[PDB]
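Q: This is the structure I want to talk about, given as structure tokens.
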Amino acid sequence: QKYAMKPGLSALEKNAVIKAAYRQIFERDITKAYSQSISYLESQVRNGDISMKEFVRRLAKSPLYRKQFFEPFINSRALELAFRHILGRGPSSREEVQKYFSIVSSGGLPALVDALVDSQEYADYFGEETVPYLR
Ligand code: NA
Ligand code: NA
Ligand code: NA
């Protein structure tokens, strides 16, 4: 089951695409109703002013994402969570854990998100338009 945001999709499909995005990132049925920010963000991705990649990015940086999947955890644990939500897999090696560990110490949640989202792997699997999915 793969979902991709494109500007000319029907509203039914767009709704389905957005819903998948929240479920993959927040692991629950968040809605535009949750905050001004998320609603604004949703309007951006729905209208094509930002791509799906950019939507995932801003979503993963949000206070909701931060309080559920970053703030309560040690660097080590927060990065494996972000891996799963953004990349659809767990970290593959101790060398990869280390790479992202320093990024987290260095630039916290925003740097963790940017790095996962801007990796060549993310580009290969999900690109600009596709919701991350469990691999
Ligand atoms: Na914003
Ligand atoms: Na939020
Ligand atoms: Na940032």
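The chains in the structure tokens are called A, B, ... from first to last as shown; in each chain the residues are counted from 1, and the ligands are counted from 1 in the order shown.
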Please identify the residues whose atoms come within 10 Å of ligand 1, using only C-alpha atoms and all ligand atoms, and report them as a ChimeraX atom specification.

A: /A:37-38,40-41,44,54-55,57-59,61-62

Q: Contacts of segment 20-31 of chain A at 8 Å or less, counting only C-alpha atoms, minus same-chain residues fewer than 2 places along, as a PyMOL selection string?

A: chain A and resi 3+16-18+33-34+38-39+56+59-60+64-65+85-86+131-133

Q: Between A:66, A:134, A:129, A:114, which is the closest to residue 84 of chain A once you count only C-alpha atoms?

A: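 Nearest candidate to residue 84 of chain A out of A:66, A:134, A:129, A:114: A:134.
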
Q: For a quick check of understanding, using only C-alpha atoms, which of A:1, A:36, A:43, A:51 has the smallest distance to residue 128 of chain A?

A: A:51

Q: Set the distance at 9 Å and use only C-alpha atoms: which residues neighbour residue 127 of chain A once local chain neighbours fewer than 6 positions away are removed? I'd like the list as a PyMOL selection string.

A: chain A and resi 52-53+120-121

Q: Neighbours of residue 80 of chain A within 9 Å (only C-alpha atoms; same-chain residues fewer than 5 positions away dropped), as an NGL selection string?

A: :A and (75 or 85 or 89-91 or 97)

Q: Could you turn the residues from that selection into a file that holds N, CA and C atoms, as a PDB file, in the first residue's frame?

A:
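And here is the file that came out, again_34.pdb:
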ATOM      1  N   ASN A  75      18.971  10.178  23.494  1.00  0.00           N
ATOM      2  CA  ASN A  75      19.460  10.273  22.127  1.00  0.00           C
ATOM      3  C   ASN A  75      19.342   8.939  21.377  1.00  0.00           C
ATOM      4  N   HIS A  85       9.976   6.040  11.749  1.00  0.00           N
ATOM      5  CA  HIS A  85       8.872   6.865  11.267  1.00  0.00           C
ATOM      6  C   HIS A  85       9.180   7.492   9.917  1.00  0.00           C
ATOM      7  N   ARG A  89      12.431   1.866   8.629  1.00  0.00           N
ATOM      8  CA  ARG A  89      13.280   0.761   9.106  1.00  0.00           C
ATOM      9  C   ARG A  89      14.074   1.174  10.343  1.00  0.00           C
ATOM     10  N   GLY A  90      14.649   0.199  11.036  1.00  0.00           N
ATOM     11  CA  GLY A  90      15.541   0.484  12.150  1.00  0.00           C
ATOM     12  C   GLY A  90      16.947   0.789  11.657  1.00  0.00           C
ATOM     13  N   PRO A  91      17.755   1.466  12.485  1.00  0.00           N
ATOM     14  CA  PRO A  91      19.152   1.672  12.090  1.00  0.00           C
ATOM     15  C   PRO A  91      19.835   0.326  11.801  1.00  0.00           C
ATOM     16  N   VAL A  97      24.202   4.184  13.730  1.00  0.00           N
ATOM     17  CA  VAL A  97      23.773   4.734  15.016  1.00  0.00           C
ATOM     18  C   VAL A  97      24.695   5.890  15.433  1.00  0.00           C
TER      19      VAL A  97
END

Q: Could you check how far atom CA of residue 4 of chain A sits from atom CA of residue 130 of chain A, in Å to one decimal?

A: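 Straight-line distance from atom CA of residue 4 of chain A to atom CA of residue 130 of chain A works out to 4.1 Å.
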
Q: Have a look at atom CA of residue 70 of chain A and atom CA of residue 109 of chain A and let me know their distance in Å, one decimal.

A: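 Atom-to-atom, atom CA of residue 70 of chain A to atom CA of residue 109 of chain A, that is 7.1 Å.
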
Q: Please indicate the distance in Å from atom CA of residue 99 of chain A to atom CA of residue 67 of chain A, rounded to one decimal place.

A: 23.2 Å

Q: Of the candidates A:9, A:123, A:111, A:79, which one gets nearest to residue 47 of chain A if we count only C-alpha atoms?

A: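 The answer is A:9, which sits nearest to residue 47 of chain A.
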